[PDB]
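In the UniProt record's numbering, the protein residues as written are 100 to 228, 240 to 356.
Note that CB positions come from ideal geometry on N, CA and C, so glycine has one too.
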Amino acid sequence: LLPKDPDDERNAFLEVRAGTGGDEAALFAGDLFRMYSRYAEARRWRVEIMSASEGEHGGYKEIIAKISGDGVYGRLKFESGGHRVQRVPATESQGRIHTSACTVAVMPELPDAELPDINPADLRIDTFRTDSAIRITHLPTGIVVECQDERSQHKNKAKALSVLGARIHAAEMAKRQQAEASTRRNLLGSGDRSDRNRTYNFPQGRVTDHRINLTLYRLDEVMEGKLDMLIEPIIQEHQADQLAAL
RNA sequence: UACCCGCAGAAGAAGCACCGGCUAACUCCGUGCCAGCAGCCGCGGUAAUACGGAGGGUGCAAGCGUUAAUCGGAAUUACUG
RNA sequence: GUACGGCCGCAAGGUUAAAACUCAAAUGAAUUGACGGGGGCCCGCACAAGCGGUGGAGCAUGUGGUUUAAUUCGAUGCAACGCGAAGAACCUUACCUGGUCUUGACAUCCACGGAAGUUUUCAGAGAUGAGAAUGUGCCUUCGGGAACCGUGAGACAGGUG
RNA sequence: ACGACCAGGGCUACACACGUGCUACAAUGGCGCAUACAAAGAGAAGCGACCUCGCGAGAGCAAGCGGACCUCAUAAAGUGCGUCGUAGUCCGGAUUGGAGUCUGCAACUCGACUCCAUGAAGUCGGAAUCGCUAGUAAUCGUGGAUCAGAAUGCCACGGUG
RNA sequence: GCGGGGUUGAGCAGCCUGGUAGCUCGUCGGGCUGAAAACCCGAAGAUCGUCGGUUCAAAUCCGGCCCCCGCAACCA
RNA sequence: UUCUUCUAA
Ligand SMILES: [Mg+2]
Numbered sequence: 100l101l102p103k104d105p106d107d108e109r110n111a112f113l114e115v116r117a118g119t120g121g122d123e124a125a126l127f128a129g130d131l132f133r134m135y136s137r138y139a140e141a142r143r144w145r146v147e148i149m150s151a152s153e154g155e156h157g158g159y160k161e162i163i164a165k166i167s168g169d170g171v172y173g174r175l176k177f178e179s180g181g182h183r184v185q186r187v188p189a190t191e192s193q194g195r196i197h198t199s200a201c202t203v204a205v206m207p208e209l210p211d212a213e214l215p216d217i218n219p220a221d222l223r224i225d226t227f228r240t241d242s243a244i245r246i247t248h249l250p251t252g253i254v255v256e257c258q259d260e261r262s263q264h265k266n267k268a269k270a271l272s273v274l275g276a277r278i279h280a281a282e283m284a285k286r287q288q289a290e291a292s293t294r295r296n297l298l299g300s301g302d303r304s305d306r307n308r309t310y311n312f313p314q315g316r317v318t319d320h321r322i323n324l325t326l327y328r329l330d331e332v333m334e335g336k337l338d339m340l341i342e343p344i345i346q347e348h349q350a351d352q353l354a355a356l
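Quick look at the structure:
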């Protein structure tokens, strides 16, 4: 009955990087990615890693994936933000609590047909080491998306453009939503993609949201993909933001 | 005018600060190195006497705090010293 | 001991000498320690002297990793790794997949209704579903209870969380 | 329901990586026959002779012994002879087919063992690294617990040295 | 416009008159260390830029192209 | 002869 965001039914391009705190966050970049792998397989969604980058110490410097299926952006759009891990390092033999965090970007599946204002004069495309590596740079936004992991040039080009065109959608629809003042009533959270949304205390096994301040000692389950325990009450409060302003 | 006389009924009249230590005075609940606190040492990194609330208590009192400000403590420019 | 200025110098620079700022310390000796690619001493299959073995092979066994609906969990320098576990076909099993159950398997309390209990048929993977003969061991100025089943009420249980 | 019960699963998966073992790469050996020699334990439905039958795994009889009595119980390395003749071998045994045996509701996952066939790798192992100072190392058997069944493990025990 | 070259990941040898893919580090894995380095040990990886031809056979020889790299774009 | 380093209750 509620007027919904029509990009919710789109799928999700996904962008995870390493964060602050050292290898712990870079591990925690790789640690979170297994959960969404468990989640999207539980959600019967196809995980498609478009590009990946470790810190070569067991932790991912970054990773770009696409998760596709049924209403994938409508379940993952809330996740974009800071997410903190609290644990004890293995090189520490005293129990000094180091803390680290990571950065999340969730974008709708935006086709280039749904991107009419794309312009190759507004693009800068680099081909390097038949050369298979593709670096596409969107000139008015400065958005640079590389793809080199495929064996051929044509496969890397569409993969570097689709994430970039999603980042054009990620830039512009954020710049449309932050411009609209009364539309943010139907919005759970701040609307910026930088809030420390959820803290992971591992010795407590604690999952603690911060936008609704929902605390769970269910981390072992959640890390293995029991995440609709969290995503659904977010939407229940997100649509409570939608219903109470109507 | 001061002042004096009766008049009504407990009637018409109490608060602010603080309680980890220094420093008199504490428990409980929320809270979780967040929110905050803070003169100093310092708290909050789930069991907070230090955060917020409750009660309870301390201390002043029609004020109570805060800040600014000057000397003091400082023999910390030392004549004393 | 720096900036600026003065001073001096052939120059190098010297000399005179700040403040903004920032910290809640800085330092001094001395003490117990620890540590030393310091010194001295002593001891150790520590080295030396010896013997065999591992690492190569195959397999057992364990962990990691990976995988899994699940591969239950713990132990991971020495001092985890044929460890927990002196022995996972089921059981174990703590895990998965379904099937189920809720004063609950169980403790005790509390009534209530059948003495228990005895044999059986069928459904069902089984957890269970009605059939189905009974008994009166116990006791009583005898709810038929207690033993022992079932029902109910909550007290609570339970948890290898 | 992080509680209770049932079946089935899984705890045994599998590119790998490591630990720890076991068995090898042979002639001081292999194989065959003959023969010598323990110690310590275990045992009542037990240990189960004895004989029977089965190539054997076993099956049946069923003594005997709660055990300084009987059973387990024949120690093995060895000794003696024969044989193999320096080879992937009469080394070595992986794997796999077949066919059983036993256990236990039940051996698909997922058992142990027998028989037949099969006969990988392996011809002393890089950098490295381990153990051990005498009955020790080395090497050879035996037993025990755990245990329905099921140990190259663990715990003992002797032999040689 | 003309010359040059395009080679395991990388940077490069060999490119030899065509029967012929080496190096080094990197990588991977062990060893060493309490750990990381360093070092040691062991591993693997190339269709020789491209489209073709000549050839018994092309990295090789040849031709065209892609890429650059050099060079030259003069005299009033 | 040679011989470096150890984030953060
Ligand atoms: Mg090792």
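Straight-line gap, residue i to residue j (C-alpha atoms, nearest Å)
i: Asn311; j: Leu326; result: 10 Å
i: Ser292; j: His182; result: 27 Å
i: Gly275; j: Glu213; result: 9 Å
i: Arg228; j: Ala284; result: 34 Å
i: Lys165; j: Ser192; result: 39 Å
i: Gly118; j: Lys103; result: 33 Å
i: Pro250; j: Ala220; result: 10 Å
i: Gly301; j: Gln346; result: 17 Å
N- and C-terminal bounds of the beta strand (DSSP E) containing residue i
i: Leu175; result: Unbroken run through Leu175 is the alpha helix (DSSP H), 171-175; no beta strand (DSSP E).
i: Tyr310; result: 306-311
i: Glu256; result: 253-257
i: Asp319; result: 316-319
Member of the options whose CA lies at the smallest distance from the CA of residue i
i: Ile217; options: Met333, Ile253, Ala243; result: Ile253
i: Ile162; options: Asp104, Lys176, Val146; result: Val146
i: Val203; options: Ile246, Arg261, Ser304, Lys267; result: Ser304
i: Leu113; options: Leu324, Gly180, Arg195, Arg286; result: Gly180
i: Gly315; options: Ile322, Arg321, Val332; result: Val332
i: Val171; options: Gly335, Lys269, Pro343, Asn110; result: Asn110
i: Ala350; options: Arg261, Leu337, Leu297; result: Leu297
Those residues which DSSP pairs with residue i across a bridge
i: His279; result: The partner list for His279 (beta bridge, DSSP) is empty, contrary to what the question assumes.
i: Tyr159; result: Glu153
i: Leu113; result: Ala164, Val205
i: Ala243; result: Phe227
i: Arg183; result: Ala200, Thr309
Segment limits, alpha helix (DSSP H) that includes residue i
i: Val187; result: First-last for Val187: undefined, no H or E at that position.
i: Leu353; result: 338-353
i: residue 238; result: Residues lacking coordinates in the chain include everything strictly between 228 and 240, among them residue 238.
i: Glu331; result: 329-333
i: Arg303; result: Premise fails: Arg303 is in no alpha helix (DSSP H) and is neither H nor E.
i: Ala141; result: 122-141
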